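Step one of this worksheet: look at the structure below.
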2 protein chains.
Amino acid sequence: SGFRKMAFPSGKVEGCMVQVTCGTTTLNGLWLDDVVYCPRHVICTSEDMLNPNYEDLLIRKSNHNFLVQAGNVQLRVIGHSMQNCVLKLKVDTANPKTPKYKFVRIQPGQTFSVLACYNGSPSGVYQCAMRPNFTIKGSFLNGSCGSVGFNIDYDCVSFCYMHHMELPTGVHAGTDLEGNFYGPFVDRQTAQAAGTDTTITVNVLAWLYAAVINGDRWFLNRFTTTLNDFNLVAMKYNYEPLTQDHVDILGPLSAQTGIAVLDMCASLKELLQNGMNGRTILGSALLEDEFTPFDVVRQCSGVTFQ
Amino acid sequence: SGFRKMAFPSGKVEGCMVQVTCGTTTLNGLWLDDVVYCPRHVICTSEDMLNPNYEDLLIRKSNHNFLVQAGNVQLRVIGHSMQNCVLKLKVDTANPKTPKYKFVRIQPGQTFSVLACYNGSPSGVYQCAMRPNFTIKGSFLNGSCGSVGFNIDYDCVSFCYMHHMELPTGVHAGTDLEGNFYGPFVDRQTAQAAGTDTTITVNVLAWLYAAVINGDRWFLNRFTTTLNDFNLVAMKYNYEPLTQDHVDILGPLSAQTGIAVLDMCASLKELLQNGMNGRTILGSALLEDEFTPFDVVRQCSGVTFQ
Ligand SMILES: *[C@H](O)[C@H](C[C@@H]1CCNC1=O)NC(=O)[C@H](CC(=C)C)NC(=O)[C@@H](NC(=O)OCc1ccccc1)C(C)C
Ligand SMILES: *[C@H](O)[C@H](C[C@@H]1CCNC1=O)NC(=O)[C@H](CC(=C)C)NC(=O)[C@@H](NC(=O)OCc1ccccc1)C(C)C
């Protein structure tokens, strides 16, 4: 037993990370087959950030401007193209460590692992969620751009995020691997606003089931509620609406623990209205919302990968 | 910015993980050079757990009893020996993915990354700390034994933990890689007791500095304290004593933020005596103690590895 915020093993992604340097900007790229993917703002100097024209900057670049570097070995760039907010650098060598992969776009409320990199070298791995406002609460310092987020499903890496920028509240914004931003953000350093966030209700319920599976039961009761009456409380506490689909998705956890979904909703209502009264749940004094129902099932049945 | 519980990239360890099956027990092993390391209780059936004699069981075993399996490839065991609570299986093939490594034993209060594995396949990676009572609060299901904990320092993997068992409070116990248990635990399934734990004071202070670096300042004050007066409060709240060595170790973080260590102690005193009053620090409503001063510096300066 136990419950931890657990990332996927990162080896498959480590073998794809390279360093991309152009001008005086250095950042990370993702090397799959004979293409290196990276944030297009690499073609920008410090005076460029404030109002850039990326098509302008890119026609003025040439292949030899891009210094791509895989560990020690130099990668010769033989072509370049822009796709939305990502740059695709064609190199003359296919990455022999290329995993089975897919480019997927995730939904707010879903989780993924981030491999934080600097100068093409991995620094650390952690888990997070795409927030309802399309930001992520990451840990990124300057030079981390081009680090990616991903999920793994047996042997296949589903890349879902590439890091581009930090917003004023210290949260982070980026694109899918087709270069399309998550949320209403642009890769310019003009004033931009994260937007009001909400708590991911279905994930909080999943985590309450994780707690019951692990022996925390003090928040349980036999009050029950209707879905409509629960959603009235959700709205008041800035939680998102729970749908019948969410209830269905929680079915297996409900079946495992013998606690009906609407009964767990009544527990969450009381926790919202009363607080935790100095107690903890899975070592937290807050209601945690960055574990999906899949994350709970995965961790409490021991699914593996390779 | 941001602050996450961040593990080391796990690729170097993934390439060492194998499956060890003997009798009807299956667990994980660590394949370095031509040796596979695994918990010696693999030589035990279910009736053996309750009072085993491992020297008895091991002389009755032979090499062909041990089924070692690296992904798909079969590893021929050519010798076996016991070292404390670990088994060393000599195989006829050296692991070509063997990293630079060391076997280190860590101190309570130190952190490491765990690569949780089942059937020799990595499932997830997470960070934790060795508790003052020599347990770890892990996430381990049945079949996870032989999973290892580690730190990485540039290219060198320092293995510090191998998983053996779960105690009744849902915490975990294991050995260093020389097979010596952390704490007063034995690999028998007789009743065993975790022992009263304490909070790792120096780590809490490190995390408060992480918070200031990241813009949480509401808990700061200009009350100050002496080391002796702080330790009187520590003892009352079941915190461990802060030493002058701990103060010295916090020096760089103190210098970076301009907050004297003893001033941060006065903040922690007020947090202990008053609570957090509905506020959070780095997204937690509890005082977090599983980040070392090194973990904070590493994450807030961006140190990498390969
Ligand atoms: C790429 O390595 C970095 C990563 C960034 C540095 C610190 N933490 C991070 O995640 N990305 C950038 O430097 C980008 C460049 C870009 C194309 C926008 N710039 C930023 O992240 C700045 N953010 C920003 O300009 O957001 C909009 C804004 C909001 C308020 C005032 C002005 C601009 C950030 C470094 C200030
Ligand atoms: C190896 O894969 C497992 C991992 C274990 C299973 C569930 N979570 C885990 O971490 N380890 C074991 O099965 C060991 C075997 C051993 C050599 C002791 N057994 C346990 O972990 C049991 N723990 C135990 O017996 O602790 C002492 C104790 C305490 C109270 C009453 C009886 C015994 C556990 C599965 C019950």
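Don't worry about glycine lacking a Cβ; one is built from the backbone with ideal geometry, like all the others, and counts go over all protein chains shown. All of this is worked out from the model, or read from it or from the source named; these are not laboratory values.
Worth a mention:
- Selection within segment B:99-126: residues that are among the aromatic types (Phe, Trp, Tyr) and under 29 Å from B:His246 (Cα atoms). The member of this set that is nearest to the other protein chains (Cβ to nearest Cβ) is B:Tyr126.
- Residue in segment A:262-273 that is farther than 15 Å from A:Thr226 by Cβ, hydrophobic (A, V, I, L, M, F, W, C) and in a loop (DSSP other than H, G, I, E, B) present: no
- Take the conditions (1) surrounded by fewer than 20 Cβ atoms within 10 Å (Cβ to Cβ); (2) outside the structural domain of B:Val148 (by CATH); B:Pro108 misses just one of them, which is (2).
- Filter result (within 11 Å of ligand 2 (Cβ to nearest atom) and among the hydroxyl-bearing types (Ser, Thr, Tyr)) within segment B:110-134: B:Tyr118
- The lone exception for A:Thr169 - which of (1) free of Cβ contacts under 8 Å to residues at least 40 places away in the same chain; (2) near ligand 1 (Cβ under 9 Å from one of its atoms); (3) not in a strand (DSSP E or B) it fails: (2)
- Among the conditions (1) buried (at least 19 other Cβ atoms within 10 Å of the Cβ); (2) in a loop (DSSP other than H, G, I, E, B), A:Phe223 misses just one, which is (1).
- Those strands (runs of 3 or more DSSP E) of segment B:1-101 in which 2 or more residues are surrounded by 14 or more Cβ atoms within 10 Å (Cβ to Cβ) occupy B:17-22, B:25-32, B:35-39, B:66-70, B:77-83, B:86-91.
- Among the residues of segment B:172-213, the ones that are surrounded by fewer than 20 Cβ atoms within 10 Å (Cβ to Cβ), within 16 Å of ligand 1 (Cβ to nearest atom) and either small (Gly, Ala, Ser) or under 24 Å from B:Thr45 (Cα atoms) (or both) come to 0 in all.
- Complete set of residues in segment A:127-144 that are more than 14 Å from ligand 1 (Cβ to nearest atom) and either in contact with a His (Cβ under 6 Å, 6 or more places away or on another chain) or facing chain B (nearest Cβ under 9 Å) (or both): A:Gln127
A quick yes/no check of all residues on (1) more than 15 Å from B:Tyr239 (Cα to Cα); (2) crowded, with 18+ Cβ neighbours inside 10 Å:
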residue: B:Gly258; (1), (2): yes, no
residue: B:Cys265; (1), (2): no, yes
residue: B:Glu270; (1), (2): no, no
residue: B:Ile281; (1), (2): yes, yes
residue: B:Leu286; (1), (2): no, no
residue: B:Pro293; (1), (2): yes, yes
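- Residue list for segment A:137-151, restricted to those being in a strand (DSSP E or B) and buried (at least 24 other Cβ atoms within 10 Å of the Cβ): A:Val148, A:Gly149, A:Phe150
- Scan of segment A:42-72 for residues that are under 30 Å from the mean Cα position of the chain (by Cα) and β-branched (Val, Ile, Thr), ordered by number: A:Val42, A:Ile43, A:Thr45, A:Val68
- Filter result (within 12 Å of the chain's Cα centre (by Cα) and either away from every other protein chain (no Cβ under 13 Å) or within 16 Å of ligand 2 (Cβ to nearest atom) (or both)) within segment A:151-173: A:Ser158, A:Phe159, A:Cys160, A:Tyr161, A:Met162
- Residue match in segment B:109-132 (condition: among the aromatic types (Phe, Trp, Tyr), closer than 21 Å to A:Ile213 by Cα and assigned to a loop (DSSP other than H, G, I, E, B)): no
- Considering each residue of segment A:153-166 in turn, at least one proves to be under 21 Å from A:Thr26 (Cβ atoms), within 16 Å of ligand 1 (Cβ to nearest atom) and of a type in the set (D, E, K, R).
- Residue within segment B:39-57 that is within 14 Å of chain A (Cβ to nearest Cβ), in contact with a strand residue (DSSP E or B) (Cβ under 6 Å, 6 or more places away or on another chain) and under 16 Å from B:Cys145 (Cα atoms) present: no
- When residues of segment A:3-38 are limited to those that are out of contact with any strand residue (DSSP E or B) (no Cβ under 7 Å at 6 or more places or on another chain) and within 14 Å of chain B (Cβ to nearest Cβ), the one nearest to ligand 2 (Cβ to nearest atom): A:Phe3
- As a summary of the residue check, B:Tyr209 satisfies the conditions (1) over 25 Å from A:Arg298 (Cβ atoms); (2) outside any loop (DSSP other than H, G, I, E, B); (3) hydroxyl-bearing (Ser, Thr, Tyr); (4) within 16 Å of ligand 2 (Cβ to nearest atom) except for the one numbered (4).
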